[PDB]
């Protein structure tokens, strides 16, 4: 199937019509998405099949055809862009200054942008166009707003 680098929608025909369940990144021959989008199932790309290679429910990440390749990190100071891919809508860049998730195991950048659940897996990029993580695993705060962690995997 299509192996070209870029951002892709993850679709299913299991529900009514064709439904977008999430989004992912093809980089260096590896497909990267959040675990909650595919639940670790195999994927189709045209007539080809993409098998899972690595995954972790706690990190909420999964890679297909090879190991996780994304290793850029938010610098902790600069604005980033969410490359949002919403269901039935064109890919669109949104610039924002991340907030922070403070945890007992360290701090993580977080983006306070609210999109439909099917946008999960959309990439967050730095000014060099490098993917610093995936959008779609986060929390609902006091005033009811959604804040996503900038979730990034480890490149072995």
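Numbering follows the first chain given and starts at 1.
Checked against the record, the higher mean CA B factor of 64-72 and 106-114 lies with 106-114. When 5-13 is weighed against 142-150, 142-150 comes out higher, by mean CA B-factor as recorded in the entry. Annotation for residue 126: CA B-factor lies in the middle third of the chain's modelled residues. In the PDB entry, a CA B factor belonging to the middle third of its chain's modelled residues is recorded for residue 28. Residue 49: CA B factor in the highest third of modelled residues in this chain (values from the PDB entry).
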